[PDB]
Amino acid sequence: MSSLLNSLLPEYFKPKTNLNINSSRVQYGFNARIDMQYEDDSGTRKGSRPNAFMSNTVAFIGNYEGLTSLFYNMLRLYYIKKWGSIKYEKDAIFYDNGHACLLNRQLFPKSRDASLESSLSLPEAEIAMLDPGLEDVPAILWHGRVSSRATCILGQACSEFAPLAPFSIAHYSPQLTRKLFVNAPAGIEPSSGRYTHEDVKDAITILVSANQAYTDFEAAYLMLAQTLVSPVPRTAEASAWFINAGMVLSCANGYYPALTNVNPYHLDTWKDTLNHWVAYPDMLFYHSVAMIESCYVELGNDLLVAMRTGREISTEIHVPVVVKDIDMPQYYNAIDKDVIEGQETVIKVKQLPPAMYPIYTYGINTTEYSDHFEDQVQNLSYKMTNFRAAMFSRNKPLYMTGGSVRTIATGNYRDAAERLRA
Amino acid sequence: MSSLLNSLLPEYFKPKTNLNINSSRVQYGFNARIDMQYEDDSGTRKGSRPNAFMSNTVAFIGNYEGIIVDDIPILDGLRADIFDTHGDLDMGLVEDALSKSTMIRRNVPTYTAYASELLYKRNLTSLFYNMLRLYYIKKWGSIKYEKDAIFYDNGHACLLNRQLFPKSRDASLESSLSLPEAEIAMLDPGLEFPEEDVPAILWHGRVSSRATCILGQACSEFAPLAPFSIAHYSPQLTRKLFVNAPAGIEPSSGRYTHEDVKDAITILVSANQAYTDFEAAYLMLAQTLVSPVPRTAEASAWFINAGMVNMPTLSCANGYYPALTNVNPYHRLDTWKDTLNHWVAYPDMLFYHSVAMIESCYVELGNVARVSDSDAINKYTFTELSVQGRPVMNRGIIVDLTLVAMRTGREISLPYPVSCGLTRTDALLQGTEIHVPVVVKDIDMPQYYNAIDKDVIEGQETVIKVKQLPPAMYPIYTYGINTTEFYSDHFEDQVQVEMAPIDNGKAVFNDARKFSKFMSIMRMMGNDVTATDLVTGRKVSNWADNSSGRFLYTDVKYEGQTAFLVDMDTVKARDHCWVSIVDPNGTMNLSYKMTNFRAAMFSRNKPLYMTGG
Amino acid sequence: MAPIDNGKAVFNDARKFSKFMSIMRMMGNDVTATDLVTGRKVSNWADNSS
């Protein structure tokens, strides 16, 4: 649902089409200007912070376990090929404050060092041809001849996902089906073996148009927006969220093509989400960051988004840590009260702290977070002005490429007279 | 009727097409945000549970037994010319219609004589019912039934599957039935005199190799091994079945998929013009698809003895008179094809329509069992006053539809007064004690439950005496649409327990109504309260359920005088996300508020997500 | 105070520190603050009359 998740972004920020992600970590924030004014019994003092950077950190690492299910896997195959040069190192840092530290050995055991393209080695399910005359296997329609490349994509989309490195868009999924019939007038070609990320777009665009499965795609689009990215915790205690692994196909169009005709039953804005994705594929990154922020902010106090925006949408946990400084037990609630630099201990977390601070959803509705533009704390009176979005990746500025995003959106009526509420 | 069963579903519930069931147990419910408050002379203590799950466990097991009964004929389908002004077969127009047709001239006089008996044999409900069961057996065939599995467990008492269902071997649903095939002969158009007690059906073109295998198994005895709900015992519908198909019947294939059964149904309804027959079969299966897992241990009295399913005798004489069925049929209601068109589009929607119907019935039978016989509308005479038609016998669908009418508070209308399906009100009307078996876990059981023995060592098989039937399900889909004070399913509620400092925590509830609300709200707050009756000397615990998380007054398991001593220095904090009552002094005021609702389903202790369009 | 802080509060203002420590003594609570700059300690229970 593009129009829903597009609304979550702040009014000042309008992102460009393309975004060349070249790492497993992205900072996002804004550069604001603060004008403080202090008053007490001694006297008055006036200052000004010219440039202040408030940002969260989001990563592509999250332990998860598994026609909406078919489109979900087809979308995951698109982004594996596109961003297929991201490196996961096992002996890297996850959180680092100065006193304590979490490595990727901890939180993710049964893992090795691999690139995203090298993570999965997918097998291929049998894509058979449905001969017209035949009186737990789905059958799908297709436009013209099934291309040699289109066969390999449908074959791998239905197969089991068995990853080596923990990646968000390569999580473990069970086998969808064994066979998949395709009612194509012209016979299908044998599987090639190789395909480009551009070829997966052509496969999705044909599969939706033939089957009229536009609402099925909208479900899969929202379903990926949750998984795509995971938060890097604000403090060491906020790692308690990501210890335990969070839990994440039938069709009869091929058999009876008479039921699907030129006058389909449908909201009038039922083809907007596909038309948005096919135009701007890389926009999903911004919609994903907007969604997971809204959820993890409100849980501090999924569609939690209503509670955040305020609009109608239609046991103690044992975090394993590493000791960096000798004075660690004074700060953190550690088991062993005497430690040495290098020792692996465990800290206790009873109440779950906030994993993220409001950045995109800053001042849309202010709770006493205290994320005001103007506020008088009792005396300190500050004003925030001149907001401008900035993204950092691998300790350098990450710049947006391509042109400006023009709006695509359909009205409530095409040629419909009465709103049959339903 | 798809229309009336659709309206029962909640407003917030937005269903999708596909539902991937992979187990014989589903916890349907909703997630709500409860803002609890405890006010006192000392001060106020506020709590908030952001995700509170209220569930009703529903299984795919339940003992049923089919019997062949005589039911009214359904006259929808026959041509509109032969009917008179009043709406009954005017014989004389039938003889006129047969004469001006493509019939053999020597058969006209002999066939017309038989018409008086054979034309009033129109009821295909039994055939469609069996063919619908074959669709779901092959679709959800991978679900398993273990013999030594836990039917119910509440910590104190345990009830196994061996106890309720003897003669039961462990097997998958696909491997349960071994259906033998009935003979599907071809009707000779040049037959001298029609053979009554043998039904003859119509068909479009050629009977396919798979259609023979489906019709063969549909008209046969169901002899199951495992007690499944969609594979219950049914008698042999018929021995032989004629099919008037000029294109010859192909021999039996042997194998078929679930998609081939949909092909067989759509041809049969279209050829015979039997849409009202299908509507009856759809409502029949809606009752007997899923049975509820009992809320309490003593709520198993409903499922001890097998409830009888009333299947109307298979009788059809369309094969002998092809001329009388054409493209201009007689129908009472204009929306007579709506039920079939709904099933063909969304087959898996029946699961949601089924749970909606059983939840509506078992909720109303809960608060019907608690009325005295000396009254106008009572246990025995609640069906007669409601029904404003002329059914043969008040059984099957009439008793279930009248309970739904009481729940929602609307007028349910059917085109024909058909009396077929499961009869639930069996254990109620008997009005006797029921002896449910139980295997004990602890040694201090018979204080709580009305047991037969007073001292019982752990692992012993005992018996509980249930007199008044407690509610089997709590209202979840029908939550706060037609609210009663018994269930107390309000959005906002409060209770005022009045105590003085001279009393050292000990409060006596003279009133029965506010005792129920106190014990219920304390369980939302996650507090284990244990009251003791002063007159009798028995004990009751608010923690008597692990699904809904509410306290109904029927958990006392005794009707007498009300004098409940609750000691408020033995209250123990059990659950997480809880408000603490450390040491109260003065008047207590408890209150809660449910704000928003989100549909959620669980299976195998994992979330079950809805997929498709 | 915010929930992220595990009970620990720093009083930048001197005026409201005095009122907090005084009202806590009316309520019969023995509070012991520690100065971060110098490293000395102060106790609100420093009198048995007023």
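Method of structure determination, per the deposited record: cryo-EM was used for this entry, reaching 16 Å resolution.

The name that the PDB entry assigns to chain C is Major capsid protein, with the source organism given as Saccharomyces cerevisiae BY4741. This structure appears in the PDB under the title "Saccharomyces cerevisiae L-BC virus, open particle, asymmetric reconstruction".

As recorded in the PDB entry, chain A goes by Major capsid protein and comes from Saccharomyces cerevisiae BY4741. UniProt, in its Subcellular location section for chain A, records the words "Virion". In the Sequence similarities part of its UniProt record, chain A is described as follows: "Belongs to the totivirus major capsid protein family."

When you go through chain A residue by residue, the secondary structure sums to 10 helices and 18 strands. Oriented by its inertia axes, the alpha-carbon framework of chain A measures out at about 95 × 60 × 40 Å.

Another aspect to go through is the overall build of chain C. Along the backbone of chain C there are 1 helix and 2 strands. Written out in order from the N terminus, the α and β elements of chain C read α-β-β. Seen through its C-alpha atoms, chain C measures out along the principal axes to roughly 35 × 25 × 20 Å.

What follows is about the arrangement of the chains. Regarding chain A and chain C, which are not in contact, the minimum distance between any of their C-alpha atoms is 6 Å. With no contact between them, chain B and chain C keep their nearest C-alpha atoms 14 Å apart.

Okay, the environment of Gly 47 of chain A next. All names here are of chain A. Inspection of the secondary structure puts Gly 47 in the loop between β3 (44-46) and β4 (49-59). A C-alpha to C-alpha distance of 31 Å links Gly 47 and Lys 14, two positions 33 residues apart in sequence. Excluding anything up to four places from it in sequence, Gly 47 contacts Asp 35 and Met 36.

Before going further, it helps to spend a moment on the sheet that holds strand β8 (residues 100-103) of chain A. All names here are of chain A. An order of β7-β8-β14-β15 is seen for the 4 strands of this open sheet, with the pairing classed as antiparallel. Of all the strands in the sheet, just β7 (93-96) and β15 (344-349) have a single pairing partner and so form its edges. Going across the sheet, the axis of each strand differs from the next one's by a mean of 45 degrees, ignoring polarity. Where β7 meets β8, 3 bridges bridge the pair, whose relative direction is antiparallel. Looking across to β8, one finds that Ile 93 is bridged to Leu 103.

Let's shift gears to helix α7 (residues 258-272) of chain B. In a regular helix each residue adds 1.5 Å, so 15 residues correspond to 21 Å; α7 of chain B covers 22 Å between its end C-alpha atoms and thus fits that length. The positive-phi residue at the C-terminal boundary of α7 of chain B is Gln 273 of chain B, with phi of around 60 degrees.

Residue and element names in this part refer to chain B. In spatial order, the strands read β8-β9-β18-β19; together these 4 strands make up an open sheet with antiparallel pairing. Two strands close off the open sheet at either side, each with one partner strand: β8 (150-153) and β19 (461-466). Here the average twist between neighbouring strands, direction ignored, is 40 degrees. Where β8 meets strand β9 (residues 157-160), 3 bridges bridge the pair, whose relative direction is antiparallel. Looking across to β9, one finds that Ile 150 is bridged to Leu 160.

Here the focus is unusual backbone geometry. Residues and elements named next belong to chain A. One non-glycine residue, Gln 212, lies in the positive phi region at around 60 degrees. For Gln 212, the position within the fold is in the loop between α5 (197-211) and α6 (214-227). Even without being a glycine, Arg 394 presents a positive backbone phi close to 65 degrees. As for its placement among the helices and strands, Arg 394 is situated in the segment after β18 (389-392).

Turning our eyes to something else, we now look at the pairing of strand β4 (residues 49-59) of chain B. The side chains of a regular strand alternate between the sheet's two faces. Residue and element names in this part refer to chain B. Inspection of the sheet shows strand β1 (residues 25-34) paired to β4 by 9 bridges, in the antiparallel sense. If you follow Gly 29 over to β4, its bridge partner there is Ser 55. Inspection of the sheet shows β4 paired to strand β14 (residues 291-292) by 2 bridges, in the antiparallel sense. Paired with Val 58 across the bridge in β14 is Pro 292.

Another point: the environment of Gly 141 of chain B. Residue and element names in this part refer to chain B. Turning to its location among the elements, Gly 141 is positioned in the loop between α4 (125-139) and β7 (144-145). Put simply, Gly 141 and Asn 123 are 18 residues apart on the chain and 29 Å apart in space, counted from C-alpha to C-alpha. Filtering out sequence-adjacent residues up to four positions away, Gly 141 remains in contact with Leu 173 and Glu 174.

Another point: the environment of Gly 246 of chain A. Locating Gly 246 of chain A in the fold gives a position in strand β13 (residues 246-247). On a C-alpha basis, the gap between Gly 246 of chain A and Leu 228 of chain A in space is 14 Å, while along the polypeptide they are 18 residues apart.

Another aspect to go through is the pairing of strand β1 (residues 25-34) of chain A. Residue and element names in this part refer to chain A. Taken together, the 9 bridges between β1 and β4 define a ladder with antiparallel strand orientation. Looking at the pairing, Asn 31 lines up with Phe 53 of β4. In this structure, β1 lies alongside β18, joined through 4 bridges in antiparallel fashion. Counterpart to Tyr 28 in the pairing with β18 is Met 391. Note: β1 against strand β17 (residues 380-385), 2 bridges, orientation antiparallel. By the bridge assignment, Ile 34 is partnered in β17 with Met 384.

Calculation notes
- Residues numbered from 1 in each chain as written, not as in the entry; some residues may be left out.
- Chains lettered and ligands numbered in written order.
- Part of a larger assembly, values for the part shown.
- Heavy atoms only, no water.
- Residues with missing side-chain atoms left out of burial classes, pairs and counts.
- UniProt positions renumbered as here; feature names shortened; annotations may be inferred.
- Helix = DSSP H or I, 4+ residues; strand = E, 2+ residues; numbered from the N terminus.
- Contact = heavy atoms within 4.5 Å.
- Pairing = 2+ DSSP bridges.
- Axes fitted to C-alpha atoms, helices over the stretch in contact; angles between N-to-C directions.
- Expected span 1.5 Å × (residues − 1).

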